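Engineer: Following this: a sequence and the matching experimental structure.
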Amino acid sequence: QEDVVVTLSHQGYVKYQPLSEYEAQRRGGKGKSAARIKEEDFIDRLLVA
DNA sequence: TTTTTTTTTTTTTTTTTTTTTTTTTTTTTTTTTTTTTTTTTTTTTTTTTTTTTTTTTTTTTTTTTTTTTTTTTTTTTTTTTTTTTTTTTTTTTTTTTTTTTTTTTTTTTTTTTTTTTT
């Protein structure tokens, strides 16, 4: 269907795409949700919603 | 009755070609090795009320160096042409359906003879 989905591409080999509803609201001041996106000595570049 | 001409398949063995046994190179295939996903629990991390002293924005004014500015001549932009690649009509070939025409092979069992090896 059309459902809001996240996508991100990193340096090297990443085109991972999780669903948007897994992450919940937070108050600005805490952050650090620690998403689970394994990366071996590369750098993230892009996120899209 | 003797004697003379010609014709071919064999003594043929050698040249040419064909057939049949061979083994280098790019395309398969089984193994080990490294990327993925789901649970336990676990100290550990992390979400949310209360108080607090803070440190940056908004009253007001100042200037100067980036915002005004006009103009010459470049040079990226656009035009035409042609080549290279992509992609889709067109054609060809092959396979399956069900009644017809044709064929071809592998082994037991015993007993006797050829046909090679020692």
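Structural biologist: Received it, and whenever you're ready, just let me know what you need. Numbering: from 1, shown residues only, chains lettered A, B, ... in the order given.

Engineer: Walk me through which strands the helix or strand where residue A:45 lies pairs with, and which way each runs.
Structural biologist: If you go by DSSP states H and E, residue A:45 is part of strand A:44-48. Sheet partners assigned to strand A:44-48 using DSSP bridges are listed as strand A:7-10 (antiparallel).

Engineer: The partner strand close to DNA strand B?
Structural biologist: No. Figure legend: strand A:7-10 not in contact with DNA strand B (Cβ under 7 Å from any atom of the strand); closest approach 11.7 Å. (C-beta placed from N, C-alpha, C; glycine too.)

Engineer: For chain A, give the residue positioned nearest to DNA strand B.
Structural biologist: Nearest residue of chain A to DNA strand B, counting by Cβ to the nearest atom of the strand: residue A:30, 3.3 Å away.

Engineer: Up against DNA strand B, what does chain A have?
Structural biologist: By the rule Cβ under 7 Å from any atom of the strand, the part of chain A lying against DNA strand B is A:25, A:26, A:27, A:30, A:31, A:32, A:33, A:34, A:38.

Engineer: Cool, thanks, signing off.
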